[PDB]
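All remarks here apply to the structure that follows.
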Amino acid sequence: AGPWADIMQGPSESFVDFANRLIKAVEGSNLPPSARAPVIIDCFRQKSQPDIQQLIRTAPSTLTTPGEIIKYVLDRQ
């Protein structure tokens, strides 16, 4: 279990704050730099609040970066 496992969006935490903690826990880990982006995305899918999880599952497959997912959530939530 990597340092992201402990990181899940709280019942009253804004997604951006959840994203911040998570990105922190991923960036300070032993993962190679090149591996951070795709791990961050999986965590967004698995560790967010349920409403946010369905939002990310419905999203266009053309969102490829953590930054596009964040922007998508903030605009549409």
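Out of everything in the stretch 12-59 that is within 20 Å of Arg76 (Cβ to Cβ), outside any helix (DSSP H, G or I) and not hydroxyl-bearing (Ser, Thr, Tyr), what residue ends up being nearest to the chain's Cα centre (by Cα)?
My answer is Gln49.
From the set of residues in the stretch 32-77 that are polar (S, T, N, Q), free of Cβ contacts under 8 Å to residues at least 12 places away in the same chain and surrounded by 11 or more Cβ atoms within 10 Å (Cβ to Cβ), which is nearest to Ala5 (Cα to Cα)?
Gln46
We place every Cβ from the backbone using ideal geometry, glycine too, and count neighbours over all the protein chains shown. Only the coordinates and a few stated rules stand behind these numbers; no lab work does.
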